[PDB]
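**Q** Take a look at the following structure, please.
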Amino acid sequence: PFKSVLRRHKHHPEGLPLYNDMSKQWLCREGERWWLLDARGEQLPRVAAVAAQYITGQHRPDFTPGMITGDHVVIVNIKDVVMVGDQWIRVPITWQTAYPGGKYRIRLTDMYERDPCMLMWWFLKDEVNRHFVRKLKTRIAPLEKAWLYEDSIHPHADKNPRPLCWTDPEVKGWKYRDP
Amino acid sequence: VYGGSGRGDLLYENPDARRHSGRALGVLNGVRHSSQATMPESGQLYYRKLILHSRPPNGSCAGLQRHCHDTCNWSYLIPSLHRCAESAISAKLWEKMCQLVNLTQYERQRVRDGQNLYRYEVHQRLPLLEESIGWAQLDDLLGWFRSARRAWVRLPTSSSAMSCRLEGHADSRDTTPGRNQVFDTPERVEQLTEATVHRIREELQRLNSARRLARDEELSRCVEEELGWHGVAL
Amino acid sequence: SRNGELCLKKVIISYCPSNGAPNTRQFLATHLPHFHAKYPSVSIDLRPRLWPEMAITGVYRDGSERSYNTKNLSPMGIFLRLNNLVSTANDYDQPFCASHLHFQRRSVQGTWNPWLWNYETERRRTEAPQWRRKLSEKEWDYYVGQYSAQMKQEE
Amino acid sequence: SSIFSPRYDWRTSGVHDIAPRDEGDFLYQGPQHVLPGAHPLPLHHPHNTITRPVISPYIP
Amino acid sequence: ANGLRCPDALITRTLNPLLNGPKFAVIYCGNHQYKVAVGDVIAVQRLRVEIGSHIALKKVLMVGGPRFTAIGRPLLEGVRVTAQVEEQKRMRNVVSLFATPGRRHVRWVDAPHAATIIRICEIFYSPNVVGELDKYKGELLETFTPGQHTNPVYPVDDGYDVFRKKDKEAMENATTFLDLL
Amino acid sequence: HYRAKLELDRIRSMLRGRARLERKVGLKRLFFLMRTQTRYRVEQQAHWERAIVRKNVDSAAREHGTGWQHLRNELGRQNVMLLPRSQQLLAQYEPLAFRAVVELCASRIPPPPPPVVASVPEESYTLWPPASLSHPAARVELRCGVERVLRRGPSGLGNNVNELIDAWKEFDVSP
Amino acid sequence: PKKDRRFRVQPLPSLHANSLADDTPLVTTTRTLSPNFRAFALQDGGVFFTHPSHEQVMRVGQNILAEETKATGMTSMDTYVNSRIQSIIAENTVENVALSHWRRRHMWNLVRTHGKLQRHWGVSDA
Amino acid sequence: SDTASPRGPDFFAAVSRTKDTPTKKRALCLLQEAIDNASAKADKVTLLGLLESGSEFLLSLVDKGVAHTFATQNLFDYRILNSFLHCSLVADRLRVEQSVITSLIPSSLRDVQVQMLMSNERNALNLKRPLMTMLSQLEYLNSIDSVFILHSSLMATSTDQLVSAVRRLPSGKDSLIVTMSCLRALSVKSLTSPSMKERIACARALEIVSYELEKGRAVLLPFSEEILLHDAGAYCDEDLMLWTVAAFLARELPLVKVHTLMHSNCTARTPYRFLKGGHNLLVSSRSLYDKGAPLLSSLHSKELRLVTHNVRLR
Ligand SMILES: [Mg+2]
């Protein structure tokens, strides 16, 4: 067939490729620029949205769905990210493991205990998957263009990240609507 | 032009129309678009590329892994031209013709059929002949005259069939590129013959026990009587 | 027809002069001289034969053959397929789509690259009343007036 | 097949060898040229007076 | 191209060199809009025109150079866009297949889309300009001077907002050159 | 029943092994494929693609500090009539022209006045004759026609209107 | 019924109702290069914009970049970006091969090996 | 800005990336001067050194007229060929025959089939083999069924696939394209390598190819012709030239079956994931099939890979 049966796997020692370092037909790194997103005070979900769209490549006029060309976003200060009201305490994160006992219902607070970075990664996952699910390479490849640093110290001085100046137009606080 | 008929082949193979098969065209192998079903648009260069280059390699093609024939050797092509001569004209017949027209009508047509065919396949081999005069060998330069003689055809140096062009009007003639068809045969056979005489004297100048004595007696004798039959000297 | 030259060169027309299926003979009679007088450059070669191919055929200037099945088709139809032969250069068949409307892509001003609009920042129509600035005397008086006003109403 | 059906229009190339037979084929000369067989009416039998001679006082 | 025309001389001599060099047009044809260059080739929906004919196109939405841009409110006058009919042909078949699962009826509908394939020759433009136009305050500016910006443009930092996100200071204080000089 | 076996029998080359080998399987595959794509093409891709176009024009507006939501409205207001496809073409291949459109929108420049109701000339109400002449309304409308003839491009007719009206007197033989 | 996966336009700052009043367009673009787009009024009723060309705008961008990097120096990304602005201003053509290709093939200039097999700008018969 | 010194090779390698036209116009003058100095001093190293880098510099120029003129009057063909190991007799055959070769190269490279159609029509109205050069011999290549384009990565651990490639040459239906890119690439890794294996394998590669060129079976793209063929101002090496050719006669000689001889390791085998551009708006998937586009617009699309097969023979 076109796509092979013998496939690169997580248990297979060859390992899983990093799309930043990969060279493929649909990956263009030539015209990208680096952004700096300070997350102090900004709501988690909104930051996730903006980052998702710079990362995905949707902020460009010439953006094409099958051609993945993103900007690298360095998201700084994940720890100061603000989730409105009771939501830290009330907003679930649910996943289902395939095995007897398929429910993990885990509060934002617990995920924040383990890693703050995983929260931003989670909502980035959501905002990217909102337009891309049906193909793995289109889901996974953008996400590696996020650099999640939970405070103001990052390795990336050499890329001269341009401060991304953004104000959220939405006045009201974020609202959790998931069926 | 890949699958069906090569550069120096003797087939006339029509690539676009399948005239040799036993079955209707069921599955078209090279196809680009799904609109190829009801209007394949073959005849465009870019689609007949895709069709003709997807055909299986023939006995003519000799596909990549398989070892192919050494065709462009002059030493193959000349006995090839010669085996055409024994086809139309039988040995007996040849003898009767050698003597000196009283011949069976039926028989006569075989002589002119020999002339016809020999003309044709000279037309086919000359693009491979013109490649090879350079490394051709002393016996098979002479074979060029032997084979024309045996087929009862006189070579144009300025009976002979090789002098005239086949008639047709230049607007109606087939000029399509990629098909190797030399439109001036009597002009390029003539300067093939002159060339192959000129090379012969080179190798006879190059060639100057009893084996070499008898050989150099005999083939030197064969030169003037074979080139003399076509009216050429030296 | 590109740069004043027709891309069609030959039209092959095969027919049977005595046998049957009159349509091609009709076509030769009533519609062909109207075609030849209109497009003189196209060489039409006629092929009388006993069992005729009933298809029309064009030959273009890149060495491309194009043919249309004319079997028991009216000479009106044959004339029309002929005029369809002339009107094509037979180079391509692209679909009719939005991305295929323009055959080649070109920019007169230039193509968008990420760095042309990058170094622009938002600006203001009228100039800014800077926060840190030396207040003029009228300004002093007005602002102190305001502060004293709100302090007065509060107290 | 049928005139309408898409099976009609097939064989876009190959129906004719592109090359004239050097005996019977010829170019169309012009409007002054009399073609063998050509007649403005649909004659399935294109017989003239020479092929099918008619005997009567006057040609009808 | 016959040059631009205005009742003012300075504006004419100013914008005269502005109109030289390659021009692109935006053309309305058969409910399809086209970006059009000099040597470009388009496939418009079928026009009834003889092959190798010479055509002018009436509906022109926008015309611009490397330097000027003329935005037609709904249409423009003066634009000469001359093209040449190259082919008329039916393009690649779109086969539609209609079959209802309940019925045994299958319908094969071929859509070769008929089209006229057009090569373009000239784009000429000769506007009649009235005057300079103030864009922040709506007016026709009476006197025209090139050297002064029609509307000058000012940076945003009051100091009033603490939470205004700071883009790099060279982006925020950057003054832009005088183009018409 | 017509399933279109004899056309689709020629396509099989685009199918992998089991379908391209055996006939009926392949024909089922092709029937399914083409019916599916037909359905999809008529009802859906129309929306997907215009979604893409909207996205591109919108981001191109985002670079200029506004968005699709205002730009649509004020391309409507000022009667520009650029289709979104064309706005995409301008955004990608002529950024300066797109920018010019954006700043035509953002400016306060009066949008063109609504189209005029065609009005009766005053000279229609003049009774003719009063008490070999032309109705004055007719010659006024003739004027109005000749002016729009002279309005389109340069021509050998000249730009002077009067004698061009009187041009019928040069075909007149004086008795 | 399936979840809608088409792309969504970003939210845009809410109006203060000032926009409702006529003569106030609700597009607000006041930007760095804004004053350079000069509006003229055609006889048609259409407008005529005068704008700086492609390479002028990009040259302005280059000046702003250099002027922000005069202080701290130029970082590698700045280097690459300035290089590309400088190329696209002078372009005259279209570039179809990867930028890294030339560097990958010329790598032997960068890393020199021992002199036995050392490669030079002429090699054969030496 | 400083004279009284000839510019070394490194400089001309350096100025091949800058898109600034007056810079190149200046540097060309410098190149002329440097070559004449180097020829005066009779030192091969400086001269040949000045030829390689200079060659790249000439591929970087936009105007092909000035480039070809420059390459011929400074004689890059003969000089460059004299450097290689076994290409010697094919060196001087060029300088004997180039006056003849330049006669057969067509005026334009656009719409080739039409050109030779008219060139067929003239022949309907009432040979010592020279060096096979691809541009003069275009009419030959339409007669040929299969073209093997040679790439230098074949020479690793063995010569046998090349040897099996020249077994098919006498068939009359096949031809072997050998560019100056692969020749140079062969000679430079004949003297440079981790191993003593591929050096020998390149060493005899050169004499196999030289033999076939002298015998007039294979076909050669000289630097001068390479300049004309390749699109303006684009850099070309022993990766891209393979594909500029392979795109060329995929566009202009649609019936010739193009085979590519490479190593299963090699990068240039898959030109659309490697060797690509950026996301370029001025190119499309169909850009291979239009006559106006540059050749190197081809390799963004898989259609270049459709028409171009790559094989291991035996
Ligand atoms: Mg639709």
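Residues are referred to by chain and number: the chain letter is A, B, ... according to the order shown in the structure tokens, the number counts from 1 in that chain, and ligands are numbered separately from 1 in the order shown.
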Kindly provide, as a PyMOL selection string, all nucleotide and amino acid residues lying within 8 Å of ligand 1, counting only C-alpha atoms and all ligand atoms.
**A** chain F and resi 41-43+45-46
**Q** Could you pull the residues within 8 Å of residue 169 (chain B), counting only C-alpha atoms, minus those fewer than 4 positions along the same chain, as a PyMOL selection string?
**A** (chain B and resi 173) or (chain D and resi 26-27)
**Q** Can you work out which residues from chain A touch chain G at a cut-off of 8 Å (counting only C-alpha atoms) and hand them back as an MDAnalysis selection string?
**A** chainID A and resid 30 130:132 158:160 168:170
**Q** Please dump the current selection as a JSON list (two decimals), in the first residue's frame; keep C-alpha atoms.
**A**
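result-v4.json written:
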```
[["chain", "number", "residue", "atom", "x", "y", "z"],
["A", 30, "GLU", "CA", 12.61, 28.90, 5.81],
["A", 130, "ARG", "CA", -10.13, 21.82, 17.07],
["A", 131, "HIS", "CA", -9.23, 22.14, 13.38],
["A", 132, "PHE", "CA", -6.95, 19.11, 12.92],
["A", 158, "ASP", "CA", 19.80, 33.70, 20.27],
["A", 159, "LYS", "CA", 16.56, 33.74, 18.26],
["A", 160, "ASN", "CA", 15.66, 37.25, 19.40],
["A", 168, "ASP", "CA", -7.74, 39.80, 24.40],
["A", 169, "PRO", "CA", -10.81, 41.37, 22.79],
["A", 170, "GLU", "CA", -13.11, 39.10, 24.79]]
```
**Q** Please provide the set of residues having any atom within 9 Å of region 46-55 of chain G, restricted to only C-alpha atoms, with same-chain residues fewer than 5 positions apart removed, written as number ranges by chain.
**A** C: 109-111, 116; E: 15, 18, 64-76, 127, 129, 133, 179-180; F: 95-97, 100-101, 104, 112; G: 36-41, 60, 85, 88-90
**Q** Residues of chain H within 6 Å of chain A, counting only C-alpha atoms - could you list those as a PDB file with C-alpha atoms, in the first residue's frame?
**A**
```
ATOM      1  CA  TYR H 272      10.781  17.321  -3.234  1.00  0.00           C
ATOM      2  CA  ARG H 273      11.436  16.696   0.507  1.00  0.00           C
ATOM      3  CA  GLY H 278      10.454  27.434   1.029  1.00  0.00           C
TER       4      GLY H 278
END
```
**Q** Compare F:88, F:126, F:132, F:107 by their minimum atom-to-atom distance to residue 24 (chain G), counting only C-alpha atoms, and give me the closest one.
**A** F:107
**Q** Write down, as a PDB file with N, CA, C and O atoms, in the first residue's frame, each residue of chain C that has any atom within 10 Å of an atom of chain A, counting only C-alpha atoms.
**A**
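Writing done, so here's selection39.pdb:
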```
ATOM      1  N   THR C 111       5.583  39.409  -3.992  1.00  0.00           N
ATOM      2  CA  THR C 111       4.866  38.431  -3.188  1.00  0.00           C
ATOM      3  C   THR C 111       4.960  38.817  -1.723  1.00  0.00           C
ATOM      4  O   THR C 111       5.944  39.423  -1.305  1.00  0.00           O
ATOM      5  N   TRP C 112       3.934  38.489  -0.948  1.00  0.00           N
ATOM      6  CA  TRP C 112       4.014  38.650   0.491  1.00  0.00           C
ATOM      7  C   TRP C 112       5.100  37.754   1.063  1.00  0.00           C
ATOM      8  O   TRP C 112       5.100  36.541   0.861  1.00  0.00           O
ATOM      9  N   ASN C 113       6.028  38.369   1.778  1.00  0.00           N
ATOM     10  CA  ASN C 113       6.989  37.639   2.580  1.00  0.00           C
ATOM     11  C   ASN C 113       6.786  38.056   4.021  1.00  0.00           C
ATOM     12  O   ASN C 113       6.315  39.162   4.287  1.00  0.00           O
ATOM     13  N   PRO C 114       7.121  37.173   4.963  1.00  0.00           N
ATOM     14  CA  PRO C 114       6.782  37.459   6.357  1.00  0.00           C
ATOM     15  C   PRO C 114       7.378  38.774   6.887  1.00  0.00           C
ATOM     16  O   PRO C 114       6.848  39.315   7.860  1.00  0.00           O
ATOM     17  N   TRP C 115       8.427  39.292   6.257  1.00  0.00           N
ATOM     18  CA  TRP C 115       9.119  40.442   6.821  1.00  0.00           C
ATOM     19  C   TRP C 115       8.779  41.837   6.291  1.00  0.00           C
ATOM     20  O   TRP C 115       9.401  42.805   6.733  1.00  0.00           O
ATOM     21  N   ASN C 118       6.166  43.273   9.002  1.00  0.00           N
ATOM     22  CA  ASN C 118       6.510  42.828  10.349  1.00  0.00           C
ATOM     23  C   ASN C 118       6.938  43.960  11.268  1.00  0.00           C
ATOM     24  O   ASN C 118       6.617  43.972  12.454  1.00  0.00           O
ATOM     25  N   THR C 121       4.254  49.015  13.639  1.00  0.00           N
ATOM     26  CA  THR C 121       3.544  49.010  14.914  1.00  0.00           C
ATOM     27  C   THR C 121       2.300  49.892  14.858  1.00  0.00           C
ATOM     28  O   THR C 121       2.208  50.783  14.021  1.00  0.00           O
TER      29      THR C 121
END
```
**Q** Could you give me, as a tab-separated table, every chain G residue with an atom at most 6 Å from chain F, plus its closest atom pair and distance in Å to one decimal, counting only C-alpha atoms, rows ordered by chain then number?
**A**
```
residue	atom	partner	partner_atom	distance
G:25	CA	F:106	CA	5.9
G:27	CA	F:106	CA	4.7
G:28	CA	F:106	CA	5.4
G:29	CA	F:106	CA	5.7
```
**Q** May I have the selected residues written with N, CA and C atoms, as a PDB file, in the first residue's frame?
**A**
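Final output, result11.pdb:
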```pdb
ATOM      1  N   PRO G  25     -15.991  55.190  10.148  1.00  0.00           N
ATOM      2  CA  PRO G  25     -15.792  53.794   9.752  1.00  0.00           C
ATOM      3  C   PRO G  25     -15.299  52.943  10.925  1.00  0.00           C
ATOM      4  N   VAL G  27     -13.441  50.273  10.795  1.00  0.00           N
ATOM      5  CA  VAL G  27     -12.092  49.755  10.597  1.00  0.00           C
ATOM      6  C   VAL G  27     -11.104  50.750  11.161  1.00  0.00           C
ATOM      7  N   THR G  28     -10.301  50.345  12.138  1.00  0.00           N
ATOM      8  CA  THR G  28      -9.288  51.270  12.631  1.00  0.00           C
ATOM      9  C   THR G  28      -7.900  50.808  12.254  1.00  0.00           C
ATOM     10  N   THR G  29      -7.335  51.410  11.215  1.00  0.00           N
ATOM     11  CA  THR G  29      -5.965  51.099  10.874  1.00  0.00           C
ATOM     12  C   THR G  29      -5.193  52.395  10.895  1.00  0.00           C
TER      13      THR G  29
END
```
**Q** So, with only C-alpha atoms as the atoms that count, which of E:173, E:147, E:168, E:30 lies closest to chain A?
**A** E:168
**Q** In Å, rounded to a single decimal, give me how far CA of residue 107 (chain H) is from CA of residue 172 (chain B).
**A**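 Taking CA of residue 172 (chain B) as the start and CA of residue 107 (chain H) as the end point, the length is 27.9 Å.
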**Q** List every residue of region 41-277 of chain H that DSSP, applied to the backbone of this structure, places in alpha helix (DSSP H), and write the result as number ranges by chain.
**A** H: 44-60, 64-73, 76-81, 89-104, 112-121, 138-141, 160-165, 180-188, 198-215, 223-229, 240-251
**Q** I'd like a table as a Markdown table: residues in chain E with an atom no more than 12 Å from chain H, each row giving the shortest atom pair and its distance in Å to one decimal, only C-alpha atoms counted, sorted by chain and rising residue number.
**A**
```
| residue | atom | partner | partner_atom | distance |
| --- | --- | --- | --- | --- |
| E:39 | CA | H:292 | CA | 10.2 |
| E:40 | CA | H:292 | CA | 10.4 |
| E:41 | CA | H:292 | CA | 11.2 |
```
